[PDB]
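Let me begin by presenting the structure, written as structure tokens, before commenting on it.
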Amino acid sequence: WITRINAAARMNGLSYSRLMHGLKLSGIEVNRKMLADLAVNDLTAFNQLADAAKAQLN
Amino acid sequence: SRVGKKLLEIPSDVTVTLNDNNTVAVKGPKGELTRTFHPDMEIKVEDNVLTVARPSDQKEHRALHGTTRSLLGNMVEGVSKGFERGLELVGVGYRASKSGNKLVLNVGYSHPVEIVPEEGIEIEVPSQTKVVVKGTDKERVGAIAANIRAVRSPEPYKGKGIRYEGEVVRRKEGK
Amino acid sequence: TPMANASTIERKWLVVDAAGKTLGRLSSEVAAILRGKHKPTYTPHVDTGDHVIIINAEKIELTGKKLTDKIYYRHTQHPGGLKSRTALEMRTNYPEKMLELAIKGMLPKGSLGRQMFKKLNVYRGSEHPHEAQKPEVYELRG
Amino acid sequence: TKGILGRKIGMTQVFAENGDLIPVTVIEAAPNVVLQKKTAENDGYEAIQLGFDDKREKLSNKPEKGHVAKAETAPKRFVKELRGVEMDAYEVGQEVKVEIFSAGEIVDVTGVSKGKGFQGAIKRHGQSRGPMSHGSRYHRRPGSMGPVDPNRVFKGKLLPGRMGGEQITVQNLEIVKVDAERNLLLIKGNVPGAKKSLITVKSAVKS
RNA sequence: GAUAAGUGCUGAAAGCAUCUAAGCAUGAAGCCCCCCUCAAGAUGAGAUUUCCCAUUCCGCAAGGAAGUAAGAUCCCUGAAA
RNA sequence: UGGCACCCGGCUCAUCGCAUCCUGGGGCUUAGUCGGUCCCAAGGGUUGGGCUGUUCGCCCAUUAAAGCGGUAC
RNA sequence: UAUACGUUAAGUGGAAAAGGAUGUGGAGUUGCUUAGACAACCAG
């Protein structure tokens with residue numbers, strides 16, 4: 001799950017560590033890596049989550 | 001004053017063109033040379049003078065710079081006049097040498113040696129105990145003189161051998 | 001219950017030039033691309049990589065004095081047989097083999113690693129014959 | 001360079017002009033015919049092909065007849081390639097004859113040696129015998145088989161096996177006499193191979 | 001063809017010098033080629049020349065089966081093996 | 001009822017290290033003839049006998065040379 | 001293949017050093033010291 005999330009995040013410009021820190025800080029959005037694997041199935045929502053994390057990260 | 005950090009004057013009768021990779025083609029009456037330097041080397045060359053400074057105080061420019069600027073004026077001389085060099089091969093039977101063109105030498109050592117001179121140099125010396133040579137570039141003329149110096153070899157016991165311009169022959173404990 | 005992958009994949013074609021780039025700093029990225037770690041559908045037991053074409057492989061670069069000190073050894077299994085080559089000869093005589101060795105040393109061992117290695121094409125010079133596959137240029141992100 | 005193919009006939013002696021005696025090997029070589037010219041832009045290296053001996057129709061299949069169709073000739077028994085020769089003095093149908101060699105010219109001879117079958121260590125590699133008749137029970141055996149530490153046997157250790165029957169070359173032989181009416185060459189010395197076999201004569205490599 | 005110990009010419013820190021740092025030459029029975037032999041199971045399984053061809057059945061297509069072409073083998077007389 | 005240190009040779013087959021015996025290339029210290037010394041170099045080569053327990057070993061005659069060692073003698 | 005400040009150029013980093021060593025970046029001092037060094041170059 002970590003490897004897949006890392007690849008999906010690097011497809012957006014973020015890295016895994018920065019994305020996880022932003023998610024942990026942009027509220028929490030408790031999301032197990034298993035359920036954040038949804039990058040494979042529906043990539044659009046994963047981009048929304050990454051956008052929120054980026055918005056809080058800066 | 002570092003060896004090379006000077007203002008080298010020139011007769012202003014030569015041609016110079018510049019390109020990238022420090023490709024500086026210096027021509028004129030006769031010579032045409034091109035010495036390329038690493039790009040960090042700043043270039044400051046006027047019509048005749050070259051007031052090149054050092055980009056940095058570290059050894060890539062605190063020491064190497066003095067190597068470059070100096071030799072720059074060298075091309076001008078090599079472009080304009082030429083160069084000369086001298087030698088001697090003093091010996092009892094050291095008259096063996098070339099009768100023009102290619103070199104042919106019997107050392108008295110029972111093996112002869114044959115060499116053909118290259119382009120860019122002229123040799124005008126009838127008596128071969130002394131050697132006088134001329135050319136266009138100091139580097140090539142020095143190599144040529146090195147060629148003829150290596151032709152003959154000295155011996156310690158006897159006061160005879162091959163020497164540079166005005167030089168003595170090695171002497172050792174031979175008895 | 002995540003999703004694995006089984007034969008329902010597509011492999012793209014990428015072309016990377018090796019002009020100026022150092023040996024390892026390019027080989028690592030190329031190996032990572034070859035294993036297929038750059039896509040979210042990664043799978044350890046299935047090949048999901050792409051095809052990598054390298055051009056201008058003879059203009060590679062090495063830092064320091066390695067160009068005259070790095071030595072490639074091999075053994076012929078006979079007594080006293082230990083052949084050696086300096087990096088300069090490897091660069092000026094077999095440029096593609098040095099790149100192939102560097103990339104191959106960075107791939108997992110076993111059947112899948114050796115089958116992964118078959119997707120790499122290395123050419124000396126700036127011309128390749130792979131035209132019908134429509135290669136797409138790809139710069140080194142790292 | 002230049003070369004030709006032939007068949008060995010045997011050995012004899014010849015008296016030279018000053019009155020001394022020299023051994024001679026007789027090579028019989030009917031004229032050869034070129035069959036193919038391999039070029040760089042089509043095959044990757046300059047070469048020519050030569051055929052030597054005629055064989056009747058029954059001992060020939062359609063591919064061989066088709067191959068020899070281009071240069072009009074009967075099917076040939078032996079076909080060999082020569083490379084390094086000048087490629088502008090040959091045609092597809094040209095004929096190579098023994099007159100190309102002149103008496104007193106150095107040459108090379110390549111051929112396949114005889115066979116001796118399964119042979120032991122002493123005859124195959126020229127090793128030594130153990131002592132006899134001093135309480136010793138060691139004769140003709142290969143010898144010790146390495147040291148103890150490696151826990152294995154090194155490659156290259158020589159052991160009995162099938163002997164002979166491989167290509168070899170003899171260099172710097174010279175020609176004593178040549179005649180074209182019988183297509184015979186007389187080399188000085190020995191030549192590898194059994195009688196009636198195939199031997200190739202080439203120009204000197206060392207020169 | 002480059003290289004070791006060495007020999008040099010240019011020229012540096014450092015106006016001088018200076019075979020040494022950027023450079024350029026020469027230099028060993030070692031090192032790669034040249035000589036000889038094996039070598040595409042090199043699964044990366046290469047190349048050129050020549051010969052045979054689009055057979056019959058069901059299955060309408062694919063497909064699968066049978067008899068064959070070029071060519072081999074079984075069997076017999078042997079030995080340069 | 002002292003003193004104070006230590007804890008098998010021969011045969012048949014070979015292979016490796018260089019801390020080089022010969023051959024190659026050098027400085028040298030050495031008229032040349034030579035010889036001594038010190039660097040670089042492991043490719044190849046490096047002997048037949050008599051007395052003898054081959055010893056804390058003698059001799060004979062050759063060769064460009066009759067190297068030192070590791071591999072459970 | 002994060003963000004800042006310095007060191008090292010030899011693969012030191014990747015065992016433990018006597019002994020030897022112009023390798024040597026900084027913080028010091030101590031000299032003579034632009035009517036004046038290190039090359040100065042002309043001149044007992």
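Chain labels A, B, ... are given in the sequence in which chains occur in the structure tokens; within each chain residues are numbered consecutively from 1, and ligands are likewise numbered from 1 in the order shown.
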
Do you know which residues are at most 10 Å from residue 165 of chain B counting only C-alpha atoms (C1' of nucleotides), after dropping those on the same chain fewer than 6 positions away, and could you put them as number ranges by chain? B: 85-89, 130-132

Chain E residues within 8 Å of chain B, counting only C-alpha atoms (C1' of nucleotides): which ones, as a VMD selection string? chain E and resid 8 to 15 22 25

With 12 Å as the limit and counting only C-alpha atoms (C1' of nucleotides), what residues in chain G lie close to chain B? Please list them as a ChimeraX atom specification. /G:37-40

Which of segment 81-156 of chain B end up as helix (DSSP H, G or I) when DSSP is run on this backbone - answer as an MDAnalysis selection string? chainID B and resid 138:151

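The two atoms in question, atom CA of residue 120 of chain D and atom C1' of residue 45 of chain F, are spaced 28.3 Å apart.
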
Could you work out which residues of chain F fall inside 12 Å of chain D? Count only C-alpha atoms (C1' of nucleotides), and format the result as a PDB file with N, CA and C atoms (P, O5', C5', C4', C3', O3' and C1' of nucleotides), in the first residue's frame.
ATOM      1  P     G F  10      63.187 -35.857  -0.671  1.00  0.00           P
ATOM      2  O5'   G F  10      63.067 -37.295  -1.336  1.00  0.00           O
ATOM      3  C5'   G F  10      62.633 -37.432  -2.678  1.00  0.00           C
ATOM      4  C4'   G F  10      62.600 -38.874  -3.108  1.00  0.00           C
ATOM      5  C3'   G F  10      61.726 -39.173  -4.313  1.00  0.00           C
ATOM      6  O3'   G F  10      62.357 -38.873  -5.542  1.00  0.00           O
ATOM      7  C1'   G F  10      61.243 -40.719  -2.609  1.00  0.00           C
ATOM      8  P     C F  11      61.596 -37.974  -6.632  1.00  0.00           P
ATOM      9  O5'   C F  11      60.535 -38.973  -7.264  1.00  0.00           O
ATOM     10  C5'   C F  11      60.945 -40.238  -7.753  1.00  0.00           C
ATOM     11  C4'   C F  11      59.769 -41.064  -8.200  1.00  0.00           C
ATOM     12  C3'   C F  11      58.793 -40.380  -9.139  1.00  0.00           C
ATOM     13  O3'   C F  11      59.253 -40.358 -10.478  1.00  0.00           O
ATOM     14  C1'   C F  11      57.613 -41.585  -7.471  1.00  0.00           C
ATOM     15  P     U F  12      58.807 -39.178 -11.470  1.00  0.00           P
ATOM     16  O5'   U F  12      57.231 -39.348 -11.581  1.00  0.00           O
ATOM     17  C5'   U F  12      56.661 -40.429 -12.300  1.00  0.00           C
ATOM     18  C4'   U F  12      55.166 -40.283 -12.389  1.00  0.00           C
ATOM     19  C3'   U F  12      54.672 -38.892 -12.736  1.00  0.00           C
ATOM     20  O3'   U F  12      54.705 -38.637 -14.125  1.00  0.00           O
ATOM     21  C1'   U F  12      53.453 -39.725 -10.895  1.00  0.00           C
ATOM     22  P     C F  13      54.520 -37.143 -14.665  1.00  0.00           P
ATOM     23  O5'   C F  13      52.965 -36.869 -14.480  1.00  0.00           O
ATOM     24  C5'   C F  13      52.416 -35.612 -14.823  1.00  0.00           C
ATOM     25  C4'   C F  13      51.252 -35.246 -13.942  1.00  0.00           C
ATOM     26  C3'   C F  13      51.115 -33.768 -13.630  1.00  0.00           C
ATOM     27  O3'   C F  13      50.545 -33.022 -14.690  1.00  0.00           O
ATOM     28  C1'   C F  13      50.877 -35.000 -11.641  1.00  0.00           C
ATOM     29  P     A F  14      51.497 -32.236 -15.720  1.00  0.00           P
ATOM     30  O5'   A F  14      51.373 -30.712 -15.286  1.00  0.00           O
ATOM     31  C5'   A F  14      51.847 -30.279 -14.021  1.00  0.00           C
ATOM     32  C4'   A F  14      50.708 -30.079 -13.057  1.00  0.00           C
ATOM     33  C3'   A F  14      50.464 -28.654 -12.594  1.00  0.00           C
ATOM     34  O3'   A F  14      49.725 -27.900 -13.536  1.00  0.00           O
ATOM     35  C1'   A F  14      50.396 -30.127 -10.740  1.00  0.00           C
ATOM     36  P     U F  15      50.285 -26.491 -14.061  1.00  0.00           P
ATOM     37  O5'   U F  15      49.678 -25.438 -13.034  1.00  0.00           O
ATOM     38  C5'   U F  15      48.275 -25.318 -12.871  1.00  0.00           C
ATOM     39  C4'   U F  15      47.921 -24.705 -11.542  1.00  0.00           C
ATOM     40  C3'   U F  15      48.628 -23.406 -11.199  1.00  0.00           C
ATOM     41  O3'   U F  15      48.051 -22.276 -11.827  1.00  0.00           O
ATOM     42  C1'   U F  15      48.708 -24.851  -9.341  1.00  0.00           C
ATOM     43  P     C F  16      48.943 -20.970 -12.102  1.00  0.00           P
ATOM     44  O5'   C F  16      49.008 -20.243 -10.690  1.00  0.00           O
ATOM     45  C5'   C F  16      47.827 -19.776 -10.056  1.00  0.00           C
ATOM     46  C4'   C F  16      48.091 -19.367  -8.630  1.00  0.00           C
ATOM     47  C3'   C F  16      49.132 -18.279  -8.434  1.00  0.00           C
ATOM     48  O3'   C F  16      48.598 -16.979  -8.622  1.00  0.00           O
ATOM     49  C1'   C F  16      49.539 -20.052  -6.923  1.00  0.00           C
ATOM     50  P     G F  70      56.297 -22.960   3.117  1.00  0.00           P
ATOM     51  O5'   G F  70      54.838 -22.658   2.559  1.00  0.00           O
ATOM     52  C5'   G F  70      54.022 -21.672   3.170  1.00  0.00           C
ATOM     53  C4'   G F  70      52.714 -21.495   2.443  1.00  0.00           C
ATOM     54  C3'   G F  70      51.881 -22.747   2.235  1.00  0.00           C
ATOM     55  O3'   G F  70      51.148 -23.114   3.390  1.00  0.00           O
ATOM     56  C1'   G F  70      51.941 -21.486   0.236  1.00  0.00           C
ATOM     57  P     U F  71      50.845 -24.661   3.696  1.00  0.00           P
ATOM     58  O5'   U F  71      49.831 -25.092   2.547  1.00  0.00           O
ATOM     59  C5'   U F  71      48.522 -24.549   2.494  1.00  0.00           C
ATOM     60  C4'   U F  71      47.822 -24.903   1.207  1.00  0.00           C
ATOM     61  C3'   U F  71      47.583 -26.382   0.957  1.00  0.00           C
ATOM     62  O3'   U F  71      46.451 -26.875   1.651  1.00  0.00           O
ATOM     63  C1'   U F  71      48.434 -25.370  -1.003  1.00  0.00           C
ATOM     64  P     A F  72      46.329 -28.435   2.013  1.00  0.00           P
ATOM     65  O5'   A F  72      47.413 -28.661   3.155  1.00  0.00           O
ATOM     66  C5'   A F  72      47.211 -28.150   4.468  1.00  0.00           C
ATOM     67  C4'   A F  72      47.478 -29.196   5.523  1.00  0.00           C
ATOM     68  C3'   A F  72      47.992 -30.531   4.998  1.00  0.00           C
ATOM     69  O3'   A F  72      48.876 -31.109   5.958  1.00  0.00           O
ATOM     70  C1'   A F  72      45.927 -30.859   6.106  1.00  0.00           C
TER      71        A F  72
END

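Across the model, the gap from atom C1' of residue 9 of chain G to atom CA of residue 22 of chain B is 25.8 Å.
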
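Put simply, atom CA of residue 22 of chain D is 19.5 Å away from atom CA of residue 101 of chain D.
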
6 Å contact set for residue 22 of chain A, only C-alpha atoms (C1' of nucleotides), chain neighbours under 4 positions out, as a tab-separated table (two decimals) with N, CA and C atoms, in the first residue's frame:
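Now in out-v1.tsv:
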chain	number	residue	atom	x	y	z
A	26	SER	N	-3.90	18.40	7.82
A	26	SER	CA	-5.13	18.95	7.24
A	26	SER	C	-6.31	18.21	7.85
A	53	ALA	N	-4.39	18.20	0.97
A	53	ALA	CA	-3.16	18.11	1.75
A	53	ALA	C	-2.16	19.18	1.33
A	57	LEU	N	-0.64	22.12	3.52
A	57	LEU	CA	0.80	22.04	3.71
A	57	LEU	C	1.51	23.36	3.48

Members of chain D assigned strand (DSSP E) by DSSP, as a PyMOL selection string: chain D and resi 3-15+21-28+32-38+47-51+79-83+95-96+106-112+115-119+161-164+167-179+184-187+198-203

Output the contact residues of chain F with respect to chain B at a cut-off of 7 Å, based on only C-alpha atoms (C1' of nucleotides), as a ChimeraX atom specification. /F:29-31
